[PDB]
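Report on the following structure.
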Amino acid sequence: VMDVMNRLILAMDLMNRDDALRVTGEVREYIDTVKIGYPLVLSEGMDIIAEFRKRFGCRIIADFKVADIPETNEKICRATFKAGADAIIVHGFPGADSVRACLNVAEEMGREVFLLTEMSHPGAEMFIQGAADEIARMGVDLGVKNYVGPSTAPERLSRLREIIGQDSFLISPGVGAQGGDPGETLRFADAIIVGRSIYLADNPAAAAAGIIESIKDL
Amino acid sequence: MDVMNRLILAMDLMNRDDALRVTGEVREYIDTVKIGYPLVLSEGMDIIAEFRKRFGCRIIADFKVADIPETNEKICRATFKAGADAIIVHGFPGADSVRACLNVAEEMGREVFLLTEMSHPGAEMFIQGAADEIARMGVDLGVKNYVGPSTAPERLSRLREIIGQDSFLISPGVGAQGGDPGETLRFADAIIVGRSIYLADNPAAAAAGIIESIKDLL
Ligand SMILES: O=c1cc(O)n([C@@H]2O[C@H](COP(=O)(O)O)[C@@H](O)[C@H]2O)c(=O)[nH]1
Ligand SMILES: O=c1cc(O)n([C@@H]2O[C@H](COP(=O)(O)O)[C@@H](O)[C@H]2O)c(=O)[nH]1
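Residue numbers (our numbering), protein chains in the order written: chain A, 285 to 502; chain B, 1298 to 1515.
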C-alpha cells in the first residue's frame, strides 16, 4: 500500500492556483500525499497535477468520484492517469461494470483505483448507506484494494474495515470541519483526509502539526 | 429548453481538433451540445467558451456531480463560470447534495439536470432500485430537468410518469448502447447521441439519418 506520511492526506480544494500552491507548500513537511479534486482541477486545469508534482514531493490522488457508464469511465481514467495522477477515486453505486472499467485502465496504466463505498455527509443516509455493505463486498470481489469511507460515522467505518479486511487500504474524509475525530478515525482508517481545517486555517502548517500531535501515539 | 431536432450531441472525443471539426460537421442539425469529462479533462474547461464562440450552441456540462454539498457547490460554480448553461447531477448522494447544485444554478442563471437512472447494465445493481425515490426527491426539490435511460423505455416511461409532462427529460443510450431514437422520444423531450454520430465515417450523414428516422416527431 502507499506509504502516507503521518497518516494525513491534504484535501486541496482551494480554487485559486496561487493559494493552493502556497498552502500546500506550507504543509509540505508534514504531508507527502495530496488529494486533488474537481474544485481545483475545474478552476485551474489538469496541468495543476503536473505543477504539484514539480513543486512538491507529493503523491496525487485524483478525487473525481467517477460515476459514469463503463465506456466513459475508461476515458476519464485514461485522461487522469495521463496527467500524472497516482490514483483515482471511483463511485461504486453505478455498479460492477463501471468499477471494472476503471480497474482495467488502472491495471493497464500502472496506477490505482480507490473505491468510495459510503459518504460522510447527511444525505448519504438516503440511498448510499443502504447499499454500502454490498458495494464494499462488490469491491472485494472485484479485487479492489483501496477504499474510501466516512469519518463521521465510526460504526459504519468499522464495518467497512471488517468487510475489506486488514490488508486493504482505507482512507477517510470528514475529519475536522465535518466533525470527525482524527484519533477515533485512525482506529479503522489507514489515513485521514483533511481539507478545510488545514487550508482555511490562519496557519495551515500549525493546523497540520496540531492534528499530527493529536495522533502522535498512532 | 428548446433543443433543435430533439437531438443533443454527446461530444466525448478527447482531441480538440476532432471535437471542433466533428461538431462543426453537424452544426446545421443541432444547437445543444453535451460536454463531459472526457473532453474537458483532455482539453480544459476553456473548451466550453470555445464551443460557444464557434457554434453558439447551448452547453450541458455532463459532470455527474456526486460529492458532498460543500464540494458540489464549488464544482457547479467552476462549471458555470466556464460558461455551461446546465449541469448534470447524480441524485444517489441525496437531497442536500442536489440542493447545493440547485443553489448555485439559481444564483448564476443556469439549470440543473437530475440523473435518476442510468443506461448501462450496472445500473441494475443499485441505481434501479432507488430510481423512483430519486425522481420523487427531484420533484420535492423542485427539479424541472431530468435524465433517464434510452436502453430501458419502460423505466424511462415510469420516470416521465413521476415527473409529469411539464418537466424536461433527456435520454442517453441511443444508438451505440442499443436505444432507438423514435421509441425514446415517446417519453423523452430529447435524445442524447454520442458514438453513433462522432465515430461515424460521415457524422453529418449520421445525424441526418437519425433525424430522418424521427422526422414525424419533429
Ligand atoms: O464522503 C466523502 C467523500 C469525499 O471524497 N469527501 C471529500 O473529502 C474532502 C473533505 O474536506 P473537508 O476536510 O474540508 O471537509 C472534500 O474534498 C470532499 O469532497 C468528503 O467530504 N466526504
Ligand atoms: O445513463 C447514462 C447517463 C449518461 O450521462 N450517459 C452519457 O451519455 C453519452 C452516451 O454516449 P453514446 O451515444 O456514445 O453511448 C455518454 O457521454 C455517457 O457518458 C450515458 O451513456 N448513460
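Note that the Cβ used here is the ideal one computed from N, Cα and C, for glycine as well.
Can you check which of these residues, the options, is closest to residue i by C-alpha distance?
| i | options | result |
| --- | --- | --- |
| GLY464 (chain A) | A:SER481, A:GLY449 and A:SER452 | A:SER481 |
| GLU439 (chain A) | A:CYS342, A:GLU468, A:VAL318 and A:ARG343 | A:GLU468 |
| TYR322 (chain A) | B:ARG1374, B:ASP1429, B:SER1394 and B:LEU1482 | B:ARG1374 |
| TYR431 (chain A) | A:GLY341, A:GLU328 and A:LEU387 | A:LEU387 |
| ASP352 (chain A) | B:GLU1367, B:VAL1362 and B:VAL1490 | B:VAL1362 |
| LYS319 (chain A) | A:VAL389, A:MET403 and A:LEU294 | A:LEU294 |
| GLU1403 (chain B) | B:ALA1432, B:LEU1438, B:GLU1430 and B:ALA1420 | B:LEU1438 |
| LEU1412 (chain B) | B:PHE1377, B:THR1448 and B:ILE1384 | B:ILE1384 |
| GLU1367 (chain B) | A:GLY458, A:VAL325 and A:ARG395 | A:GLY458 |
| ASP417 (chain A) | B:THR1376, B:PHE1423 and B:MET1298 | B:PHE1423 |
| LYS1350 (chain B) | B:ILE1507, B:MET1415, B:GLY1380 and B:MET1405 | B:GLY1380 |
| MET1434 (chain B) | B:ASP1486, B:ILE1508, B:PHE1465 and B:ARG1396 | B:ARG1396 |
| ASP1486 (chain B) | B:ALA1504, B:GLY1406 and B:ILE1511 | B:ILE1511 |
| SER1454 (chain B) | B:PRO1500, B:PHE1465 and B:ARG1483 | B:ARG1483 |
| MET1342 (chain B) | B:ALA1432, B:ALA1392, B:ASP1463 and B:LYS1378 | B:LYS1378 |
| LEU1336 (chain B) | B:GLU1509, B:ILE1507 and B:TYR1495 | B:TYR1495 |
| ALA420 (chain A) | A:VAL374, A:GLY460 and A:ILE344 | A:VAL374 |
| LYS359 (chain A) | B:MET1311, B:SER1416 and B:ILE1507 | B:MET1311 |
| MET1298 (chain B) | B:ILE1508, B:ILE1356 and B:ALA1427 | B:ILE1356 |
| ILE455 (chain A) | A:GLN462, A:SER435 and A:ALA461 | A:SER435 |
| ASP451 (chain A) | A:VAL424, A:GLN462 and A:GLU497 | A:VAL424 |
| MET1405 (chain B) | B:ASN1499, B:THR1376 and B:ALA1497 | B:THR1376 |
| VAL1300 (chain B) | B:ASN1499, B:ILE1488 and B:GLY1506 | B:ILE1488 |
| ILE1508 (chain B) | B:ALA1497, B:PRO1478 and B:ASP1498 | B:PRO1478 |
| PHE1410 (chain B) | B:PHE1465, B:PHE1348, B:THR1329 and B:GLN1425 | B:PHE1465 |
Who pairs with residue i in a beta bridge, going by DSSP?
| i | result |
| --- | --- |
| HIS375 (chain A) | A:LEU400 |
| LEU454 (chain A) | A:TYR431 |
| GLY321 (chain A) | A:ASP347 |
| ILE1507 (chain B) | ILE1507 (chain B) pairs with nothing; no bridge assigned. |
| residue 231 (chain A) | Lying before the first or after the last residue shown, residue 231 (chain A) is absent from chain A, which here runs from 285 to 502. |
| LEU1304 (chain B) | B:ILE1488 |
| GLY1380 (chain B) | Note: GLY1380 (chain B) sits in no beta bridge, so no partner. |
| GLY1476 (chain B) | B:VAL1471 |
Using a 10 Å radius around the Cβ and a threshold of 16 neighbouring Cβ atoms, would you call residue i buried or exposed?
| i | result |
| --- | --- |
| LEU1514 (chain B) | exposed |
| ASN290 (chain A) | buried |
| residue 1597 (chain B) | The question about residue 1597 (chain B) has no answer here: the residues shown for chain B are numbered 1298 through 1515. |
| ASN1369 (chain B) | buried |
| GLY341 (chain A) | exposed |
| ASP1382 (chain B) | buried |
| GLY376 (chain A) | buried |
| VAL389 (chain A) | buried |
| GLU1340 (chain B) | buried |
| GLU1408 (chain B) | buried |
| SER1394 (chain B) | buried |
| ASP1309 (chain B) | buried |
| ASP347 (chain A) | buried |
| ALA490 (chain A) | exposed |
| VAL1490 (chain B) | buried |
| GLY407 (chain A) | buried |
| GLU1414 (chain B) | buried |
| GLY460 (chain A) | buried |
Q: Mind the definition here: the stretch 1308-1325 of chain B touches the stretch 309-318 of chain A only if three or more C-beta pairs lie below 8 Å; say whether that holds.
A: no
Q. Within the chosen definition, does the stretch 444-451 of chain A reach the stretch 416-433 of chain A through at least 3 CB pairs nearer than 8 Å?
A. yes
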